[PDB]
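> Residue numbers (the authors' numbering), protein chains in the order written: chain N, 4 to 172; chain G, 4 to 172; chain H, 3 to 172; chain B, 4 to 172; chain A, 4 to 172; chain P, 91 to 172.
Cβ atoms here follow ideal geometry from the backbone N, Cα and C, with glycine treated the same way.
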Amino acid sequence: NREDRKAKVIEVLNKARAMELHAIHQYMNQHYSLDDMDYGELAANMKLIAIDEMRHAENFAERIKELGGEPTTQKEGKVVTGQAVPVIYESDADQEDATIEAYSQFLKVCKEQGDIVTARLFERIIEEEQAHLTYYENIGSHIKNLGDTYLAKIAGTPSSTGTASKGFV
Amino acid sequence: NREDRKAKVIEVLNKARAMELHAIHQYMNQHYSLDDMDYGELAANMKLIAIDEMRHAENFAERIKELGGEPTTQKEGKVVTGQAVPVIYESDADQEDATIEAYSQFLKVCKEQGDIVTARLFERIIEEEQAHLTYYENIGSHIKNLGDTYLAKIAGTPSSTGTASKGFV
Amino acid sequence: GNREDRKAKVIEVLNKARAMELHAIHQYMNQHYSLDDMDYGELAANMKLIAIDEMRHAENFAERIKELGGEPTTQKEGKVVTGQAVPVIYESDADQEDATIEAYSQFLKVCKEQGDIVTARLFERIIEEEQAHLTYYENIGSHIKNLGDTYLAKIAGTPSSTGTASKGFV
Amino acid sequence: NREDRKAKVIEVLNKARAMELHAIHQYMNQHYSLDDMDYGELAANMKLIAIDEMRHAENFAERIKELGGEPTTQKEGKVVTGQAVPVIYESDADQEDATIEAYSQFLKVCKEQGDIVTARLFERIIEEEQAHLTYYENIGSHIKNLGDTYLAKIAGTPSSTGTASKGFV
Amino acid sequence: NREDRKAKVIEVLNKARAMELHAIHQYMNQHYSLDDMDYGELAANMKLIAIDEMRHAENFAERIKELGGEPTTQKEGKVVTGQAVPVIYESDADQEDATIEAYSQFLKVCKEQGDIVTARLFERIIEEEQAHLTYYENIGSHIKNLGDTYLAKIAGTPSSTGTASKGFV
Amino acid sequence: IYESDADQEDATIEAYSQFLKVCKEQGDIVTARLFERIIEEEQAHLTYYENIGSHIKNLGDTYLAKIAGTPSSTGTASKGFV
Ligand code: FEC
Ligand code: FEC
Ligand code: FEC
Ligand SMILES: [Fe+2]
Ligand SMILES: [Fe+2]
Ligand SMILES: [Fe+2]
Ligand SMILES: [Fe+2]
Ligand SMILES: [Fe+2]
Ligand SMILES: [Fe+2]
Ligand SMILES: [Fe+2]
Ligand SMILES: [Fe+2]
Ligand SMILES: [Fe+2]
Ligand SMILES: [Fe+2]
Ligand SMILES: [Fe+2]
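#1: Select from the region 139-155 of chain B all residues with a C-beta closer than 7 Å to any C-beta belonging to chain H, and list them in chain order.
#2: Straight-line CA distance for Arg-8 (chain N) to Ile-129 (chain B)?
#3: Within the region 66-144 of chain G, note down every full alpha helix (DSSP H) run reaching 4 residues or more, in order along the chain.
#4: How would you write the range of the alpha helix (DSSP H) that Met-31 (chain H) sits in, first residue to last?
#5: Give me, in chain order, the residues of the same chain whose beta-carbon lies closer than 6 Å to that of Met-57 (chain G); leave out the 5 immediate sequence neighbours on both sides.
#6: Quick check: the region 130-138 of chain H against the region 89-105 of chain H, are at least 3 beta-carbon pairs closer than 8 Å?
#7: Around ligand 10, what residues have a beta-carbon under 7 Å from a heavy atom of it, in chain order?
#8: Are the C-beta of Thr-137 (chain N) and some C-beta of chain B separated by less than 8 Å?
#9: Just mark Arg-127 (chain A) as buried or exposed, buried being the case when its beta carbon has 16 or more other beta carbons within 10 Å.
#10: Quick one, are the C-beta atoms of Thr-152 (chain A) and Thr-152 (chain N) less than 8 Å apart?
#11: Which chain G residues sit within Cβ distance under 7 Å of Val-120 (chain N)?
#12: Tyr-92 (chain A) and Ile-146 (chain A): beta carbons closer than 8 Å?
#13: Out of curiosity, what's the CA-to-CA distance linking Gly-150 (chain B) and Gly-150 (chain P)?
#14: Below 7 Å CB to CB, which residues in the same chain sit around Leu-70 (chain G) once its five sequence neighbours on both sides are set aside?
#15: In terms of alpha-carbon separation, which member of A:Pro-89, A:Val-83, A:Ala-60 and A:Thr-84 lies closest to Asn-32 (chain B)?
#16: Using a C-beta cutoff of 8 Å, does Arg-8 (chain N) count as contacting chain G?
#17: Candidates H:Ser-162, H:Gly-143 and H:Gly-165: which alpha carbon is nearest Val-90 (chain H)'s?
#18: Report the three-state DSSP secondary structure of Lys-169 (chain A) (helix, strand or coil).
#19: Mark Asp-41 (chain B) as exposed unless 16 or more other C-beta atoms lie within 10 angstroms of its C-beta, in which case mark it buried.
#20: For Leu-37 (chain N), tell me which candidate among N:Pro-161, N:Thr-75 and N:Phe-109 has the shortest Cα-Cα distance.
#21: Who are the Cβ neighbours of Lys-78 (chain N) in its own chain at under 7 Å, not counting the five residues just before and after it?
#22: Run through DSSP, which three-state label would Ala-155 (chain G) get?
#23: Would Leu-110 (chain N) pass as an interface residue toward chain B - the criterion being a Cβ-Cβ separation below 8 Å?
#24: I'd like to confirm something about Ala-21 (chain A): is its beta-carbon nearer than 7 Å to some heavy atom of ligand 2, or not?
#25: Using a Cβ-Cβ distance cut-off of 8 Å, determine whether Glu-73 (chain G) contacts chain N.
#26: Looking only at its own chain, which residues have a Cβ that is under 6 Å from the Cβ of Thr-164 (chain H), when we skip the five neighbours before and after it?
#27: Considering only the beta carbon of each residue, do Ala-19 (chain N) and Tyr-106 (chain N) sit closer than 8 Å?
#28: Between the alpha carbons of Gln-108 (chain B) and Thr-84 (chain B), how many angstroms are there, rounded?
#29: Going by CA-CA distance only, name the one from N:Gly-72, N:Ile-54 and N:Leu-154 that's closest to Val-15 (chain N).
#30: Could you tell me which chain A residues have their CB closer than 9 Å to the CB of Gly-85 (chain B), listed as they occur along the chain?
#31: Whose C-beta lies closer than 8 Å to the C-beta of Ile-157 (chain A) among residues of the same chain, with five residues either side of it excluded?
#32: I'd like the list of long-range same chain contacts for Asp-118 (chain G), defined as Cβ closer than 7 Å, with 5 residues on each side in sequence excluded.
#33: Name the residue from N:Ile-67, N:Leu-154, N:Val-88 and N:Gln-86 whose alpha carbon lies nearest to the alpha carbon of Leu-124 (chain N).
#34: With a threshold of 8 Å on Cβ separation, who are the neighbours of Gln-86 (chain A) within its own chain once the five nearest residues in sequence on each side are excluded?
#35: Would DSSP call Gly-150 (chain P) helix, strand or coil?
#36: What residues from chain B crowd round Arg-123 (chain G), counting only those whose CB sits closer than 7 Å?
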């Protein structure tokens, strides 16, 4: 029925959302490390990708409300900390790839439940995850093939991501 | 194959267009009432949504022509007049929901018939119907929950939808 | 007659005219889709622009019907003719605009009889716009009749745009 | 099996790409004739559409690389030269119609191989092929129905396609 | 013999053109690989040179038409794929050099056939090939002498070649 | 071809109609009658060339497609000496 159709879509939406919450904390944790290491452009792009995941989490939450459900506040999995630079980019590529696989499954569920608006949302976000995927693979390729010679170039670059957060104060 | 496929898509396209024609007359009728009641903001937005349905009617017609068919000129269903404000918003949300449901099945037909262009057309319009649905649900909620304090706020507002219609004269 | 009766007779001619507009909107838009399909851009565009004039007429009639206390009709008068070839489109639209002006002038007399100055003036203004439509259609028809394909060859591939898109909700 | 889903998608991408290469050479061949016949506006649009097909070939190659494959440099079919003006537009409409049908099928494969990103690529390009189709059908209609009077209007028109190609030198 | 003169010039113009068509695909293949490796500046200049080769093909074609011939659509030789970065620049320098040698002979034939306009077209394009040769020798030289130090500088650079291709849609 | 051929037949008939006049003036009834008969034949050529021009004009290549590849024989070969 209509109610079961919505509940099944809400379920994959909250699963995706929980994955987004995990990515936000995982990438920001890496952001703090790269920043601490003073690899500015890497620090900045890692934070800009975290913000894309924040935006995904919010979009998933808004559709869940539209369907009458509650947006989860729990993250899926655990954040891995203290990763060395090569492990950061190899693991983040792995995560992006597994995310696209899972969201492609969630998309299918939306289509089966005849939910056109939610399947389109997954499709749009999956394209953005593909851009994250390509970025992490590329950095990993340079670390693998060029090592510290590549990092020497990143050392001390600007880490800014733009004007500060439009906020309340 | 091809001929059969085309005919099946033209049939759902005309069914949808017939629903668009119904919606144009139903929403404009309610628009005349709201204007007469002098709830400008509600009057204005109802007409703007009616113009979205006109553009949907026109996009369906154009696709129908591209497929070799003739666009229908009869609306589906009867127009309901004399609806009071609470009924206007409850019914329109009901209509938008039913529209998304039907278009979702029409979309499926396009996919089964291998017509990607028409499927994409439905997809886009369904997203615009979701916006209509949300708008009507929202007005309905404030009329249910707040009445007069909310209606007094709408009383006497501008009902202009912008600059006058580019026409022939 | 009395106040109510006076409004009622005027509401009745307003709904007859409005129903004629609804018909014009669908008939002209039907021809618009065909012209567009044939890729006669300038013709397709002016046909739609005239259909939009009729939408405005329908809306104006409606707003006056509500001001008089009545209910604007949603049924179109007559049926739409589909599949007309180009020469038939312009000959029939010219006939229809003529018939419209004929009927609206009778409707105006009724408004004057019922002592409704505002509604009478509405019909007057709209009759003037219908005259513009008639002259347009007669001129196209005349060139089609006299110049044939050589006239149409010049319209082929012209822009069909009616300007910026429909200020709508989404 | 991850690798087999990529192989199968890469295979249809290279088929579509080969079709793009054919179109590029076919449409530019016709552009050289149209210019030679001094029908500028027709020559110009023919070249602009060939550049669209160049972009498609590029987009397909980029996706083939993201999937780990090698973008083909072989075109499908044979270029037909020496076509008169009516025959250019009747064959090009036929070509575009055949491309949309083929691409719709390739899109099906992408969906079957669980590849949402490539499927969306195909759907985007199919929409552009539909624009090419309509264009060629309209020109061909004018030639069939109006011939010389129509061509008289095109004779001696401008043929520029805009600012010259940003190149290396 | 007028016609004989034209025929011999058209022959070398189609030989040159087939050489251009080969270069477009060879260079673009390498562009796709350099883009994949994320060496943006190299990928960008490779494509810009490919576009210069597209313009050469177009100019040969137009001269072929002025002479009453038909421009070839088949490339000369085979595209080599999978080249390592040093091999890309070593072979592109060899090809550019081979091209200037051939075009220089083709230019001689035009003069022998008393065709001043075609000879001047060759002289102009040869100067551009010299610009290409110099570019490939320079990059080849940095790779030989600087190794991964040079690559480290190119990793992550912009790959943009400007605004998108003015096209039909 | 057909446009100039129609103009040329029309001209001929004009010219021949004056040559006929000269024949009547010189009292040459036989030569007047020769011009009369031949002018009648030129009129058949004129009509033929006008018709082809009109079809080419109004139907173009659609018309020529029908003619493409038709027989061109004008019947049995020239009776000659060899
Ligand atoms: C008023 C009124 C009616 C009567 C309804 C009733 O039940 O009273 C009315 C009725 C119709 C009906 C049917 C159709 C569908 C015709 C068909 O597809 O056969 C129909 C179709 C269209 N109208 Fe329409 N309408 N309408 C306006 C007012 C009215 N309209 C205003 C105002 C604008 C504003 C124009 C603008 O600035 O974009 C406007 C524009 C459009 C466009 C153009 C959209 C575009 O190009 O983006 C199309 C198509
Ligand atoms: C991509 C791609 C391919 C496919 C090759 C592959 O192996 O992937 C590709 C292939 C070809 C081929 C053949 C030709 C030769 C056609 C012929 O003469 O038969 C060929 C020919 C042209 N390309 Fe081309 N292309 N292409 C671009 C990308 C690609 N191009 C981009 C980008 C632009 C940029 C548009 C701009 O901003 O000017 C662009 C423009 C042109 C111009 C325009 C020159 C001018 O007007 O100055 C000509 C001529
Ligand atoms: C009379 C006369 C002249 C003017 C000479 C003069 O100086 O008075 C005369 C002149 C010409 C001249 C030039 C040509 C060459 C045209 C050209 O090739 O440009 C020219 C060409 C031909 N006519 Fe000709 N002639 N002529 C006849 C009478 C005369 N003809 C009669 C009668 C027949 C009888 C047909 C038959 O039974 O074969 C006939 C046949 C031919 C055929 C047909 C051959 C075939 O189809 O087998 C061709 C071609
Ligand atoms: Fe995400
Ligand atoms: Fe991501
Ligand atoms: Fe709609
Ligand atoms: Fe709607
Ligand atoms: Fe009207
Ligand atoms: Fe009118
Ligand atoms: Fe394409
Ligand atoms: Fe195309
Ligand atoms: Fe070159
Ligand atoms: Fe070169
Ligand atoms: Fe004759």
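With the given structure in hand:
#1: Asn-141, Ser-144, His-145, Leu-149, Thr-152 and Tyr-153
#2: 31 Å
#3: 88-115
#4: 5-40
#5: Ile-27
#6: yes
#7: B:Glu-23, B:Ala-26, B:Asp-55, B:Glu-56, B:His-59, B:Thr-102, B:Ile-128, B:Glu-131 and B:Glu-132
#8: yes
#9: exposed
#10: yes
#11: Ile-129, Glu-130 and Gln-133
#12: yes
#13: 7 Å
#14: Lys-9, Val-12 and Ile-13
#15: A:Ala-60
#16: no
#17: H:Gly-143
#18: coil
#19: exposed
#20: N:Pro-161
#21: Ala-21, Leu-24, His-25 and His-28
#22: helix
#23: yes
#24: no
#25: no
#26: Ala-47, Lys-50 and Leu-51
#27: yes
#28: 29 Å
#29: N:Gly-72
#30: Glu-73
#31: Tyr-42, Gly-43, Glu-44 and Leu-45
#32: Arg-8 and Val-12
#33: N:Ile-67
#34: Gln-33, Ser-36 and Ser-94
#35: coil
#36: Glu-126 and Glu-130
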